[PDB]
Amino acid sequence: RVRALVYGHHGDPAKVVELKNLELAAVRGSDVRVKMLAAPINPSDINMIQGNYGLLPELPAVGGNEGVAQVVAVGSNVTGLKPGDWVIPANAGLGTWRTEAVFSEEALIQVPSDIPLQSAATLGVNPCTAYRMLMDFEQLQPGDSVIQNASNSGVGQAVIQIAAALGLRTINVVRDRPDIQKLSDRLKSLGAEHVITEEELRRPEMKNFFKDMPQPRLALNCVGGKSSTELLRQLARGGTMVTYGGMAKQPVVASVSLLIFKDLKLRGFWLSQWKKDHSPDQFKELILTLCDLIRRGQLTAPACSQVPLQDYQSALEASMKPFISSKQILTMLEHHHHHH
């Protein structure tokens, strides 16, 4: 009776993902039966399906790496999860775009159920990525600056909020658009100090434009090409640019002068590798940290369009969009307002 979004081959998700009926496994001693409640469509999910990603589950595969589920049944040896608990995947690759599944308890992390459901559904990827990038590369103190691009993305909005919660001052690059003023005010209300366009970023002058803030030692990039070079250019001598997303045909470009004379560092960050390298308990501590930020009103989930699993086609469609209408989240529960 399980309904799932399964791809049999790599390609355009719009074309290769289909809604199939699977049957449930048996609940072994250390297994957990879950009912998925919600699961976002994230760039990494799209890349997995397209076949350009560092982790590519065996085909045919279930789409999605992130989501929150409710524990329904547990195996005879399990003492640390109970019916009713909320859980999220311990790492990528699990396949979250479905109604029900049976997972080893070690594959799951309990999340408090007092936070909003949509927050739990999106806690495990974007906020974790943001927090990790802010902590793991440069030691930042209150008053220090951070610059990033794609600032309106899931990670970008989480960086704004978490950076603000850390007392950091953000310069947030976005793409040029007609409703820039509205976007700017919105990001500022999440805590952004300044919001600038890629066009502004490219100006020679702009490097020393915001006189009343320190040069950033950390830059967060997911765009690449010339844009990534312009982000680099904004760094203080010895600073680091961390790349956490992008495209195959838009490599990161670093001028020889910036590497040599400005002693800049280029790094990557991959949350799945972090999770692989660390214990479930260490990931749980990160989750609890973020849960506290949520309860303290220091982190809130972005604007989301809830789409029933059945209408997944339109949800995929929307997340492909260059200027993404609004984040898409697949929901397996009926809400107070029906969505046809």
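The numbering used is simple: start at 1 and walk along the sequence shown.
Enquirer: Mean CA B-factor: is it higher for 253 to 261 or for 205 to 213?
Expert: For C-alpha atoms only, the mean B-factor is higher in 205 to 213.
Enquirer: Is the mean CA B factor in the deposited entry higher across 305 to 313 or across 271 to 279?
Expert: On average, C-alpha B-factors are higher across 305 to 313.
Enquirer: By the entry's C-alpha temperature factors, tell me which of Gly80, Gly246, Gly143, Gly93 sits highest.
Expert: Across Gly80, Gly246, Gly143, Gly93, the entry lists the biggest C-alpha B-factor for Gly80.
Enquirer: Identify, among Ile41, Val32, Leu299, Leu288, the residue whose C-alpha carries the highest B-factor in the deposited PDB entry.
Expert: Checking the PDB record, the top C-alpha B-factor among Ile41, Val32, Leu299, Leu288 is at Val32.
Enquirer: What third of the chain does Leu117 rank in for C-alpha temperature factor, lowest, middle or highest?
Expert: For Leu117, the deposited C-alpha B-factor lands in the middle third.
Enquirer: Using the temperature factors of the C-alpha atoms in this entry, rank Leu218 within its chain: lowest, middle or highest third.
Expert: It falls in the bottom third of the chain.
Enquirer: Can you work out whether the C-alpha temperature factor of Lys188 puts it in the lowest, middle or highest third of the chain?
Expert: Answer is middle: the recorded C-alpha B-factor places it there.
Enquirer: Split the chain's modelled residues into thirds by Cα B-factor; is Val68 in the lowest, middle or highest one?
Expert: It falls in the bottom third of the chain.
Enquirer: Split into thirds by Cα B-factor across the chain's modelled residues, where does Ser104 land: lowest, middle or highest?
Expert: Top third by C-alpha B-factor.
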